[PDB]
Amino acid sequence: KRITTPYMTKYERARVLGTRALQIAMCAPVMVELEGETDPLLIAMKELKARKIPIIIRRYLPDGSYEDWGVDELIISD
Amino acid sequence: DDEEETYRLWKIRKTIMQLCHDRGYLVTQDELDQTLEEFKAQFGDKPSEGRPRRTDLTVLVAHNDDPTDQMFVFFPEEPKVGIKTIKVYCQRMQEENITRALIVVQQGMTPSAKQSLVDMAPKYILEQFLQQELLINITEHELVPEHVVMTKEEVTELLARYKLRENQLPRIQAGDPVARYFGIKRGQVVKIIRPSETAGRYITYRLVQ
Amino acid sequence: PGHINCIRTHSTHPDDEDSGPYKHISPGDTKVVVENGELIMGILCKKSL
Amino acid sequence: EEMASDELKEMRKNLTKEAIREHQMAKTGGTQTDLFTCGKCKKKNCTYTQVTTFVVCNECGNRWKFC
Amino acid sequence: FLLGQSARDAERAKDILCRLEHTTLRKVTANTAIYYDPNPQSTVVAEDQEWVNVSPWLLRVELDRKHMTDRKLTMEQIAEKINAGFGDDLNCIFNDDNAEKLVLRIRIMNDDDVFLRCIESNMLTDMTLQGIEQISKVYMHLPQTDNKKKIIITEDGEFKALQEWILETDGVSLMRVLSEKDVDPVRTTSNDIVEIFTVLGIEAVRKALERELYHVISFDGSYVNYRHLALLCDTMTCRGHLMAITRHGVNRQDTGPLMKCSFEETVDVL
Amino acid sequence: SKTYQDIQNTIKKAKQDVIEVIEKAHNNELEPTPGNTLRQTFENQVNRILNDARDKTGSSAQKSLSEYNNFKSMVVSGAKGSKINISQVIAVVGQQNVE
Amino acid sequence: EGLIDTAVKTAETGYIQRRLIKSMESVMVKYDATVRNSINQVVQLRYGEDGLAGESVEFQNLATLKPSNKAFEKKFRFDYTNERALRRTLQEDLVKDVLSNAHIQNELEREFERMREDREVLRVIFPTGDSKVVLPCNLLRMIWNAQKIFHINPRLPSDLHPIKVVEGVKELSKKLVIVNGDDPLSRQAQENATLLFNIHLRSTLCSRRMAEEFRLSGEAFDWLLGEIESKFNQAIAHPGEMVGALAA
Amino acid sequence: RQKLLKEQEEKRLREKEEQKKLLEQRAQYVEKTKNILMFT
């Protein structure tokens, strides 16, 4: 019964990319094959293109309720 | 003046009829947009100590769905109306089961009268309108949008839909001329419809408080 | 880049030119016309860039 | 006013006409031309002013500028 | 904006302007001289006006002709107003509209020397012969642009903008102006924010403020997206009353003590 | 070297016109324009005459330029400048209004 | 004089901007697709009364606003009697279908009636006849791009039945949603918000104009619908955007 | 053509509805003018 938009806003995309890059920088397992690159931020961007980020976004509503939206479920803007 | 006074009385009567029709009270299509010729032919067109004197042109109108609910429209002659006049009006009003009314005062009521008006509010609702404010109908102005008084059921439905508390809706004080025109009181939401240049139509809501 | 399509007017574009003949062929090289991302007519200025 | 003499009536009429004229406001100046088509009324009558050339519609009154 | 046939012809618009413009004695009076004429029939001055009509003093308040004709007044209404305003205590002997000099004669019937001075001063400063207060003078300019021309859908379909006379005052009354006849009570705005809130309503104030903002921001040819203007207008008309953007309107909202101190009045709000 | 002749002729015509307006105002012929006093309408007429003269001079200067001119190229490009700048540089500066 | 004006402006505009920024600092678009402030007080049910970002909006024109009654009839009616015009515009396998079948005629009449209703609405909302309006998707540019890509060559009879256009426009009017919810109030708000854009879409996409000035084919029209829906979806206002600071 | 005819008679029904409202409003006015009279 989720009513928020099915598209990923730019703010959420930026924050997810940053958090995932920070996690890879701290020696975390990747969810995608590396083609010969090392920078964590590009790794996160490739990951977002591949829709394999193990993060789910909790959009809080003004009333107080919330909805858990998964990166691999909603459509990516860029 | 004689002719100007008649014109002012006719305009006030037209505005009162339009207000009653807007609120929901059933009125003739004839008297709703009656010209001034039949006004002259009806009363006598001699307001200066003649037939068309105040308190005789008063009208009582009942609501559409509730024929048992009416409202008087008085016209006291005293320029600085006191407490005795409103007292006798209320005393004569008590015979009938009517509760609402509307007072048309020449000039601003004395502050001592407003206390008595608000005192009898829970038992007999009555408000005032200066004649200078009734010479024009604001709801027809270009800036003023089309207001719709809502019912409690749809207000609750609205509040439940957006999951938003009625306290969070915008505010509008009862002193607003539109608010007194429609007779809305505290704790009541009014629909607003403005022509939106970027979205065609945009409907917002405002709670009186 | 790409296949862009847009129409703009030049700064020194005489107004009395669209109404009369030579609308699609301007003697003064005005009436910027771009099709498939290729400049065809007109002189580029601030109105277009 | 009606009972006044012919000379007095003529003087009063002239004074009233002069006052009515003087109460007016001077029209905005400009070069009127029909070479510009107003988009708000579809008419050709209008007035221009060079300063950028401001366009003022004559009948419709469409206001625009050309750089 | 004129409503009746006066919108087309200026002859029936000049009277509308005159009635909407404040006219006092000072605007129509030219000279005012007091005389201690003992016997009313004596008439120290040579004027053949008193004995036909019939206190040891009178005021000879002669009026100008050009101004009186410009505002289109008559001595009858002037005498009626000057007699009713001060009660049945004086006796103004007006003059016929045939003589060259528009002389008058104000006498009192029932310390007394300065009473005439005081009454002449307080009537000359303000008497409101024909018009309303606040409004000082009114202009008459035809609309040259579409922002003020009348628009009516023609039977053929085209809009066909019409050129009609419109007024431009210098004060703020609105309320007493809309009640006047031959005045469109639908398109006559006020150009003021606080005034409309006591006449039309908060929504009308929002619309007028939006229009004024758009007018003042688009005067230099610049363009601002309407969404920002609407967002400002709603924020300034959210609590019913016109909250001021200054420290006296935003700190009154129940936002929070930590937000109020940031803008201004730190120690006070804390 | 012909545009200079046209500009000088236009300036002389404007001077003659403003002198004639001053003479009419002195001898009490210029009637007050509606909505304004005598001094106000006199000043408005003088300003309108001067602005018309300046616009005529600027138009004459612009129409006398060559395609190889750099001021005109840079103005029509809109990169930096305007027609009024060319008018002030060549034809005539104009009125120095204050307040 | 100019220098003094510049100095006093540089002194005053800063204070003006500071007061403007400090009054609408906490206003934002929550995930409920509504504009509120720090006190959770709703200021606008939809951002900008429509719920669209200010970046993806362009100036456009309303073709059905300020015609003449005669010209409006001969530009948006799609006369189905002159078979010669239909043969010139549509192909032979469509003229017989649009003539014999009466359901198509009734549908086209209903479309024209809706177009007239939209024109009356536009006239009663936009007085003074202002064709210049701002809308998300520039439909003329999209049509031009479709023509230039699919090589429409507007001289040959196109293969695009009017019923295809009608059903596509109806489905697109359903797909573009702002106020989600089947609730009657929700549907009413959705219709009110996305009103001008739908009117413009109907005015540009007709049975007559598509077969006389655009000549788009079925594939071209489908690509056009897809592009329009994608661009409108991208034009939606992103929740969590600080619109108060942007306006200030 | 038949659909046009039925629409026209539906408008006629709406007009008769106006007639009944006018008669009802007059039939209550005949009673209300009495109150308007005794009020003064």
# chains A, B, ... in the order shown; residues from 1 in each chain; ligands from 1

$ interface_residues --of "chain A" --to "chain B" --cutoff "12 Å" --atoms "only C-alpha atoms" --output "ChimeraX atom specification"
/A:3,61-65

$ write_last_selection --atoms "N, CA, C and O atoms" --output "mmCIF file, in the first residue's frame"
data_model
loop_
_atom_site.group_PDB
_atom_site.id
_atom_site.type_symbol
_atom_site.label_atom_id
_atom_site.label_comp_id
_atom_site.auth_asym_id
_atom_site.auth_seq_id
_atom_site.Cartn_x
_atom_site.Cartn_y
_atom_site.Cartn_z
ATOM 1 N N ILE A 3 2.511 4.600 -1.339
ATOM 2 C CA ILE A 3 1.972 5.677 -2.163
ATOM 3 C C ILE A 3 3.033 6.659 -2.626
ATOM 4 O O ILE A 3 2.721 7.549 -3.431
ATOM 5 N N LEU A 61 6.959 9.667 6.048
ATOM 6 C CA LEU A 61 5.821 10.494 5.685
ATOM 7 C C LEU A 61 5.585 11.561 6.744
ATOM 8 O O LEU A 61 5.995 11.407 7.898
ATOM 9 N N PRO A 62 4.933 12.669 6.379
ATOM 10 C CA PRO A 62 4.686 13.726 7.375
ATOM 11 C C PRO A 62 3.881 13.259 8.575
ATOM 12 O O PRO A 62 4.102 13.751 9.689
ATOM 13 N N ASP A 63 2.940 12.332 8.379
ATOM 14 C CA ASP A 63 2.140 11.847 9.499
ATOM 15 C C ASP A 63 3.002 11.129 10.531
ATOM 16 O O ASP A 63 2.794 11.282 11.740
ATOM 17 N N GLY A 64 3.973 10.345 10.073
ATOM 18 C CA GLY A 64 4.799 9.560 10.968
ATOM 19 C C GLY A 64 5.107 8.182 10.421
ATOM 20 O O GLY A 64 6.106 7.566 10.804
ATOM 21 N N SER A 65 4.255 7.687 9.528
ATOM 22 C CA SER A 65 4.484 6.388 8.918
ATOM 23 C C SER A 65 5.689 6.443 7.981
ATOM 24 O O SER A 65 6.264 7.501 7.716
#

$ interface_residues --of "chain G" --to "chain F" --cutoff "12 Å" --atoms "only C-alpha atoms" --output "PyMOL selection string"
chain G and resi 1-5

$ residues_around --residues "segment 38-49 of chain A" --least-positions-apart "2" --cutoff "9 Å" --atoms "only C-alpha atoms" --output "NGL selection string"
:A and (13 or 16-25 or 30-32 or 34 or 36 or 51-53 or 71-72 or 76 or 78)

$ residues_around --residues "residue 119 of chain E" --least-positions-apart "2" --cutoff "12 Å" --atoms "only C-alpha atoms" --output "VMD selection string"
chain E and resid 34 59 82 85 to 86 89 to 90 106 to 108 112 to 117 121 to 127

$ write_last_selection --atoms "N, CA, C and O atoms" --output "PDB file, in the first residue's frame"
ATOM      1  N   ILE E  34     -14.037  89.155   6.131  1.00  0.00           N
ATOM      2  CA  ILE E  34     -15.016  89.369   7.190  1.00  0.00           C
ATOM      3  C   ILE E  34     -15.293  90.861   7.304  1.00  0.00           C
ATOM      4  O   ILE E  34     -14.388  91.689   7.149  1.00  0.00           O
ATOM      5  N   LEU E  59     -19.611  87.163   6.845  1.00  0.00           N
ATOM      6  CA  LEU E  59     -18.455  86.720   6.080  1.00  0.00           C
ATOM      7  C   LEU E  59     -18.811  86.716   4.601  1.00  0.00           C
ATOM      8  O   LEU E  59     -19.773  86.059   4.194  1.00  0.00           O
ATOM      9  N   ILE E  82     -23.468  73.611   4.002  1.00  0.00           N
ATOM     10  CA  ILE E  82     -22.896  74.501   5.005  1.00  0.00           C
ATOM     11  C   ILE E  82     -23.902  74.780   6.115  1.00  0.00           C
ATOM     12  O   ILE E  82     -23.513  75.070   7.254  1.00  0.00           O
ATOM     13  N   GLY E  85     -24.224  71.076   8.124  1.00  0.00           N
ATOM     14  CA  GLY E  85     -23.031  70.630   8.826  1.00  0.00           C
ATOM     15  C   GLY E  85     -22.855  71.301  10.173  1.00  0.00           C
ATOM     16  O   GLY E  85     -22.389  70.681  11.132  1.00  0.00           O
ATOM     17  N   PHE E  86     -23.230  72.577  10.269  1.00  0.00           N
ATOM     18  CA  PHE E  86     -23.083  73.346  11.497  1.00  0.00           C
ATOM     19  C   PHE E  86     -24.415  73.549  12.210  1.00  0.00           C
ATOM     20  O   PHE E  86     -24.527  74.428  13.070  1.00  0.00           O
ATOM     21  N   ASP E  89     -27.760  77.015  13.212  1.00  0.00           N
ATOM     22  CA  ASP E  89     -27.159  78.088  13.986  1.00  0.00           C
ATOM     23  C   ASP E  89     -26.720  79.273  13.143  1.00  0.00           C
ATOM     24  O   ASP E  89     -26.535  80.363  13.696  1.00  0.00           O
ATOM     25  N   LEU E  90     -26.550  79.097  11.840  1.00  0.00           N
ATOM     26  CA  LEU E  90     -26.142  80.155  10.930  1.00  0.00           C
ATOM     27  C   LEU E  90     -27.209  80.330   9.853  1.00  0.00           C
ATOM     28  O   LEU E  90     -28.225  79.630   9.832  1.00  0.00           O
ATOM     29  N   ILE E 106     -22.407  84.753   5.105  1.00  0.00           N
ATOM     30  CA  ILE E 106     -22.590  83.849   6.234  1.00  0.00           C
ATOM     31  C   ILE E 106     -22.771  84.684   7.493  1.00  0.00           C
ATOM     32  O   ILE E 106     -21.928  85.531   7.814  1.00  0.00           O
ATOM     33  N   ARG E 107     -23.870  84.447   8.205  1.00  0.00           N
ATOM     34  CA  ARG E 107     -24.219  85.197   9.400  1.00  0.00           C
ATOM     35  C   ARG E 107     -24.631  84.214  10.487  1.00  0.00           C
ATOM     36  O   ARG E 107     -25.113  83.116  10.196  1.00  0.00           O
ATOM     37  N   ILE E 108     -24.438  84.609  11.744  1.00  0.00           N
ATOM     38  CA  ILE E 108     -24.737  83.757  12.888  1.00  0.00           C
ATOM     39  C   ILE E 108     -25.827  84.409  13.728  1.00  0.00           C
ATOM     40  O   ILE E 108     -25.798  85.618  13.977  1.00  0.00           O
ATOM     41  N   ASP E 112     -16.880  86.284  20.759  1.00  0.00           N
ATOM     42  CA  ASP E 112     -17.659  86.053  19.551  1.00  0.00           C
ATOM     43  C   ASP E 112     -16.962  86.560  18.295  1.00  0.00           C
ATOM     44  O   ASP E 112     -17.354  86.173  17.188  1.00  0.00           O
ATOM     45  N   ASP E 113     -15.948  87.419  18.435  1.00  0.00           N
ATOM     46  CA  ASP E 113     -15.206  87.878  17.267  1.00  0.00           C
ATOM     47  C   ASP E 113     -14.381  86.751  16.662  1.00  0.00           C
ATOM     48  O   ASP E 113     -14.412  86.533  15.445  1.00  0.00           O
ATOM     49  N   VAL E 114     -13.644  86.017  17.498  1.00  0.00           N
ATOM     50  CA  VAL E 114     -12.788  84.938  17.011  1.00  0.00           C
ATOM     51  C   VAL E 114     -13.568  83.697  16.618  1.00  0.00           C
ATOM     52  O   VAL E 114     -12.999  82.796  15.989  1.00  0.00           O
ATOM     53  N   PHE E 115     -14.850  83.615  16.982  1.00  0.00           N
ATOM     54  CA  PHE E 115     -15.656  82.466  16.585  1.00  0.00           C
ATOM     55  C   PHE E 115     -15.790  82.393  15.071  1.00  0.00           C
ATOM     56  O   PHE E 115     -15.705  81.308  14.483  1.00  0.00           O
ATOM     57  N   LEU E 116     -16.005  83.540  14.422  1.00  0.00           N
ATOM     58  CA  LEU E 116     -16.096  83.558  12.967  1.00  0.00           C
ATOM     59  C   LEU E 116     -14.778  83.139  12.329  1.00  0.00           C
ATOM     60  O   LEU E 116     -14.766  82.385  11.350  1.00  0.00           O
ATOM     61  N   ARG E 117     -13.656  83.611  12.878  1.00  0.00           N
ATOM     62  CA  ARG E 117     -12.350  83.191  12.377  1.00  0.00           C
ATOM     63  C   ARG E 117     -12.176  81.683  12.496  1.00  0.00           C
ATOM     64  O   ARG E 117     -11.765  81.013  11.540  1.00  0.00           O
ATOM     65  N   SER E 121     -11.956  79.058   9.376  1.00  0.00           N
ATOM     66  CA  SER E 121     -10.753  78.251   9.209  1.00  0.00           C
ATOM     67  C   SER E 121     -11.087  76.764   9.159  1.00  0.00           C
ATOM     68  O   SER E 121     -10.631  76.044   8.262  1.00  0.00           O
ATOM     69  N   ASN E 122     -11.891  76.282  10.112  1.00  0.00           N
ATOM     70  CA  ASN E 122     -12.160  74.850  10.161  1.00  0.00           C
ATOM     71  C   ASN E 122     -13.092  74.397   9.045  1.00  0.00           C
ATOM     72  O   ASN E 122     -13.121  73.202   8.732  1.00  0.00           O
ATOM     73  N   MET E 123     -13.853  75.312   8.435  1.00  0.00           N
ATOM     74  CA  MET E 123     -14.627  74.924   7.263  1.00  0.00           C
ATOM     75  C   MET E 123     -13.795  75.015   5.987  1.00  0.00           C
ATOM     76  O   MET E 123     -14.001  74.229   5.056  1.00  0.00           O
ATOM     77  N   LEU E 124     -12.854  75.959   5.923  1.00  0.00           N
ATOM     78  CA  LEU E 124     -12.032  76.104   4.728  1.00  0.00           C
ATOM     79  C   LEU E 124     -11.012  74.979   4.621  1.00  0.00           C
ATOM     80  O   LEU E 124     -10.716  74.506   3.517  1.00  0.00           O
ATOM     81  N   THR E 125     -10.451  74.549   5.753  1.00  0.00           N
ATOM     82  CA  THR E 125      -9.470  73.467   5.724  1.00  0.00           C
ATOM     83  C   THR E 125     -10.095  72.160   5.250  1.00  0.00           C
ATOM     84  O   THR E 125      -9.480  71.415   4.479  1.00  0.00           O
ATOM     85  N   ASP E 126     -11.312  71.864   5.699  1.00  0.00           N
ATOM     86  CA  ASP E 126     -11.966  70.611   5.328  1.00  0.00           C
ATOM     87  C   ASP E 126     -13.469  70.773   5.463  1.00  0.00           C
ATOM     88  O   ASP E 126     -13.971  71.056   6.556  1.00  0.00           O
ATOM     89  N   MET E 127     -14.182  70.619   4.347  1.00  0.00           N
ATOM     90  CA  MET E 127     -15.643  70.621   4.345  1.00  0.00           C
ATOM     91  C   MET E 127     -16.267  69.486   3.546  1.00  0.00           C
ATOM     92  O   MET E 127     -17.419  69.137   3.821  1.00  0.00           O
TER      93      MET E 127
END

$ closest_atom_pairs --of "chain C" --to "chain F" --cutoff "10 Å" --atoms "only C-alpha atoms" --output "JSON lines"
{"residue": "C:10", "atom": "CA", "partner": "F:76", "partner_atom": "CA", "distance": 8.7}
{"residue": "C:11", "atom": "CA", "partner": "F:76", "partner_atom": "CA", "distance": 5.9}
{"residue": "C:12", "atom": "CA", "partner": "F:76", "partner_atom": "CA", "distance": 6.8}
{"residue": "C:43", "atom": "CA", "partner": "F:77", "partner_atom": "CA", "distance": 9.3}
{"residue": "C:44", "atom": "CA", "partner": "F:77", "partner_atom": "CA", "distance": 8.1}
{"residue": "C:45", "atom": "CA", "partner": "F:77", "partner_atom": "CA", "distance": 5.2}
{"residue": "C:46", "atom": "CA", "partner": "F:78", "partner_atom": "CA", "distance": 6.0}
{"residue": "C:47", "atom": "CA", "partner": "F:78", "partner_atom": "CA", "distance": 8.7}

$ interface_residues --of "chain E" --to "chain B" --cutoff "6 Å" --atoms "only C-alpha atoms" --output "JSON, numbers by chain"
{"E": [179, 186, 200, 201, 204, 238, 239, 240]}

$ select_by_dssp --residues "chain A" --states "alpha helix (DSSP H)" --output "count of residues only"
27

$ interface_residues --of "chain C" --to "chain G" --cutoff "12 Å" --atoms "only C-alpha atoms" --output "list in words"
residues 2, 3, 4, 5, 6, 7, 34, 35, 36 and 37 of chain C

$ write_last_selection --atoms "N, CA, C and O atoms" --output "PDB file, in the first residue's frame"
ATOM      1  N   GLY C   2      24.059  14.978 -31.434  1.00  0.00           N
ATOM      2  CA  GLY C   2      22.758  14.356 -31.564  1.00  0.00           C
ATOM      3  C   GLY C   2      21.981  14.888 -32.759  1.00  0.00           C
ATOM      4  O   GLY C   2      22.530  15.481 -33.692  1.00  0.00           O
ATOM      5  N   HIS C   3      20.673  14.658 -32.718  1.00  0.00           N
ATOM      6  CA  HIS C   3      19.748  15.136 -33.742  1.00  0.00           C
ATOM      7  C   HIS C   3      18.836  16.168 -33.085  1.00  0.00           C
ATOM      8  O   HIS C   3      17.762  15.840 -32.579  1.00  0.00           O
ATOM      9  N   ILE C   4      19.277  17.411 -33.092  1.00  0.00           N
ATOM     10  CA  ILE C   4      18.544  18.511 -32.479  1.00  0.00           C
ATOM     11  C   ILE C   4      17.747  19.232 -33.555  1.00  0.00           C
ATOM     12  O   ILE C   4      18.204  19.395 -34.691  1.00  0.00           O
ATOM     13  N   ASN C   5      16.543  19.674 -33.196  1.00  0.00           N
ATOM     14  CA  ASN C   5      15.678  20.419 -34.105  1.00  0.00           C
ATOM     15  C   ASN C   5      15.144  21.632 -33.365  1.00  0.00           C
ATOM     16  O   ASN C   5      14.443  21.486 -32.360  1.00  0.00           O
ATOM     17  N   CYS C   6      15.471  22.824 -33.859  1.00  0.00           N
ATOM     18  CA  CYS C   6      14.993  24.051 -33.239  1.00  0.00           C
ATOM     19  C   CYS C   6      15.007  25.168 -34.270  1.00  0.00           C
ATOM     20  O   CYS C   6      15.715  25.102 -35.277  1.00  0.00           O
ATOM     21  N   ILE C   7      14.216  26.203 -33.995  1.00  0.00           N
ATOM     22  CA  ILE C   7      14.091  27.365 -34.866  1.00  0.00           C
ATOM     23  C   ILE C   7      14.278  28.619 -34.027  1.00  0.00           C
ATOM     24  O   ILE C   7      13.650  28.766 -32.974  1.00  0.00           O
ATOM     25  N   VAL C  34      17.502  24.538 -37.709  1.00  0.00           N
ATOM     26  CA  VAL C  34      18.373  23.406 -37.424  1.00  0.00           C
ATOM     27  C   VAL C  34      17.556  22.129 -37.543  1.00  0.00           C
ATOM     28  O   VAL C  34      16.487  22.011 -36.932  1.00  0.00           O
ATOM     29  N   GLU C  35      18.057  21.177 -38.326  1.00  0.00           N
ATOM     30  CA  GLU C  35      17.394  19.895 -38.517  1.00  0.00           C
ATOM     31  C   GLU C  35      18.421  18.784 -38.378  1.00  0.00           C
ATOM     32  O   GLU C  35      19.497  18.858 -38.979  1.00  0.00           O
ATOM     33  N   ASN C  36      18.084  17.762 -37.590  1.00  0.00           N
ATOM     34  CA  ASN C  36      18.976  16.629 -37.339  1.00  0.00           C
ATOM     35  C   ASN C  36      20.326  17.098 -36.805  1.00  0.00           C
ATOM     36  O   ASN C  36      21.376  16.539 -37.132  1.00  0.00           O
ATOM     37  N   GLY C  37      20.298  18.135 -35.976  1.00  0.00           N
ATOM     38  CA  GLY C  37      21.525  18.687 -35.422  1.00  0.00           C
ATOM     39  C   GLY C  37      22.491  19.207 -36.464  1.00  0.00           C
ATOM     40  O   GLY C  37      23.705  19.002 -36.341  1.00  0.00           O
TER      41      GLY C  37
END

$ interface_residues --of "chain G" --to "chain B" --cutoff "8 Å" --atoms "only C-alpha atoms" --output "PDB file with C-alpha atoms, in the first residue's frame"
ATOM      1  CA  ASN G  40       4.163  20.179   9.330  1.00  0.00           C
ATOM      2  CA  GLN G  41       1.612  22.825   8.308  1.00  0.00           C
ATOM      3  CA  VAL G  42       0.481  22.277   4.723  1.00  0.00           C
ATOM      4  CA  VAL G  43       1.097  25.368   2.589  1.00  0.00           C
ATOM      5  CA  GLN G  44       0.327  23.860  -0.823  1.00  0.00           C
ATOM      6  CA  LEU G  45      -1.222  20.477  -1.557  1.00  0.00           C
ATOM      7  CA  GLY G  48       3.496  25.283  -7.506  1.00  0.00           C
ATOM      8  CA  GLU G  49      -0.163  24.169  -7.554  1.00  0.00           C
ATOM      9  CA  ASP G  50       0.922  21.453 -10.025  1.00  0.00           C
ATOM     10  CA  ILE G 125      -9.463  30.672 -16.980  1.00  0.00           C
ATOM     11  CA  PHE G 126      -7.059  32.617 -19.208  1.00  0.00           C
ATOM     12  CA  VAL G 133       1.949  29.361 -21.383  1.00  0.00           C
ATOM     13  CA  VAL G 134       4.562  27.225 -19.605  1.00  0.00           C
ATOM     14  CA  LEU G 135       4.222  23.429 -19.678  1.00  0.00           C
ATOM     15  CA  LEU G 185     -11.385  13.174  -3.965  1.00  0.00           C
ATOM     16  CA  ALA G 189      -7.587  16.426  -7.454  1.00  0.00           C
ATOM     17  CA  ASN G 192      -7.781  19.434 -11.417  1.00  0.00           C
ATOM     18  CA  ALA G 193      -3.972  19.433 -11.181  1.00  0.00           C
ATOM     19  CA  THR G 194      -3.196  17.804 -14.545  1.00  0.00           C
ATOM     20  CA  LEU G 195      -5.837  19.860 -16.354  1.00  0.00           C
ATOM     21  CA  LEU G 196      -3.977  22.423 -18.464  1.00  0.00           C
ATOM     22  CA  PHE G 197      -1.419  19.868 -19.652  1.00  0.00           C
TER      23      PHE G 197
END

$ residues_around --residues "segment 42-48 of chain D" --least-positions-apart "6" --cutoff "12 Å" --atoms "only C-alpha atoms" --output "PyMOL selection string"
(chain C and resi 16+19) or (chain D and resi 27-36+54-66) or (chain E and resi 144-146+158-161) or (chain G and resi 66-68+128-131)

$ interface_residues --of "chain G" --to "chain A" --cutoff "8 Å" --atoms "only C-alpha atoms" --output "ChimeraX atom specification"
/G:30-33,40,180,234,238-240

$ write_last_selection --atoms "N, CA, C and O atoms" --output "PDB file, in the first residue's frame"
ATOM      1  N   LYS G  30       7.598  17.210   1.039  1.00  0.00           N
ATOM      2  CA  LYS G  30       7.688  15.922   1.706  1.00  0.00           C
ATOM      3  C   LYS G  30       7.370  14.793   0.726  1.00  0.00           C
ATOM      4  O   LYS G  30       6.939  15.016  -0.408  1.00  0.00           O
ATOM      5  N   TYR G  31       7.591  13.559   1.180  1.00  0.00           N
ATOM      6  CA  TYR G  31       7.314  12.402   0.338  1.00  0.00           C
ATOM      7  C   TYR G  31       5.831  12.191   0.083  1.00  0.00           C
ATOM      8  O   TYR G  31       5.481  11.394  -0.793  1.00  0.00           O
ATOM      9  N   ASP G  32       4.957  12.879   0.814  1.00  0.00           N
ATOM     10  CA  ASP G  32       3.527  12.821   0.557  1.00  0.00           C
ATOM     11  C   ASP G  32       3.131  13.694  -0.633  1.00  0.00           C
ATOM     12  O   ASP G  32       1.942  13.960  -0.845  1.00  0.00           O
ATOM     13  N   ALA G  33       4.124  14.138  -1.404  1.00  0.00           N
ATOM     14  CA  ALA G  33       3.919  14.982  -2.577  1.00  0.00           C
ATOM     15  C   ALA G  33       3.127  16.235  -2.214  1.00  0.00           C
ATOM     16  O   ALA G  33       2.163  16.614  -2.881  1.00  0.00           O
ATOM     17  N   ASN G  40       4.984  21.117  10.095  1.00  0.00           N
ATOM     18  CA  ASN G  40       4.163  20.179   9.330  1.00  0.00           C
ATOM     19  C   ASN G  40       2.851  20.801   8.870  1.00  0.00           C
ATOM     20  O   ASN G  40       1.880  20.084   8.606  1.00  0.00           O
ATOM     21  N   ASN G 180      -2.029  10.162  -6.615  1.00  0.00           N
ATOM     22  CA  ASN G 180      -2.307   8.735  -6.645  1.00  0.00           C
ATOM     23  C   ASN G 180      -3.458   8.396  -5.704  1.00  0.00           C
ATOM     24  O   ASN G 180      -3.606   8.981  -4.629  1.00  0.00           O
ATOM     25  N   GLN G 234       9.876  12.451 -15.703  1.00  0.00           N
ATOM     26  CA  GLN G 234      11.100  13.108 -15.251  1.00  0.00           C
ATOM     27  C   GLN G 234      10.835  14.528 -14.766  1.00  0.00           C
ATOM     28  O   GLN G 234      11.553  15.029 -13.893  1.00  0.00           O
ATOM     29  N   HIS G 238      10.840  16.450  -7.447  1.00  0.00           N
ATOM     30  CA  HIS G 238      11.448  15.456  -6.572  1.00  0.00           C
ATOM     31  C   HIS G 238      11.137  15.777  -5.117  1.00  0.00           C
ATOM     32  O   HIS G 238      11.424  16.892  -4.663  1.00  0.00           O
ATOM     33  N   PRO G 239      10.547  14.853  -4.359  1.00  0.00           N
ATOM     34  CA  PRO G 239      10.327  15.101  -2.931  1.00  0.00           C
ATOM     35  C   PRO G 239      11.640  15.320  -2.199  1.00  0.00           C
ATOM     36  O   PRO G 239      12.669  14.724  -2.527  1.00  0.00           O
ATOM     37  N   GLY G 240      11.593  16.182  -1.190  1.00  0.00           N
ATOM     38  CA  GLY G 240      12.778  16.533  -0.439  1.00  0.00           C
ATOM     39  C   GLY G 240      13.588  17.668  -1.017  1.00  0.00           C
ATOM     40  O   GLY G 240      14.748  17.842  -0.630  1.00  0.00           O
TER      41      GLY G 240
END

$ interface_residues --of "chain F" --to "chain E" --cutoff "12 Å" --atoms "only C-alpha atoms" --output "short mmCIF file (atom, residue, chain, number, x, y, z; two decimals) with C-alpha atoms, in the first residue's frame"
data_model
loop_
_atom_site.label_atom_id
_atom_site.label_comp_id
_atom_site.auth_asym_id
_atom_site.auth_seq_id
_atom_site.Cartn_x
_atom_site.Cartn_y
_atom_site.Cartn_z
CA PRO F 34 -3.93 67.81 -19.16
CA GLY F 35 -2.80 66.30 -15.87
CA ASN F 36 0.26 68.57 -15.57
#

$ residues_around --residues "residue 103 of chain E" --least-positions-apart "2" --cutoff "12 Å" --atoms "only C-alpha atoms" --output "number ranges by chain"
E: 29-33, 45-50, 58-65, 75, 92-101, 105-106
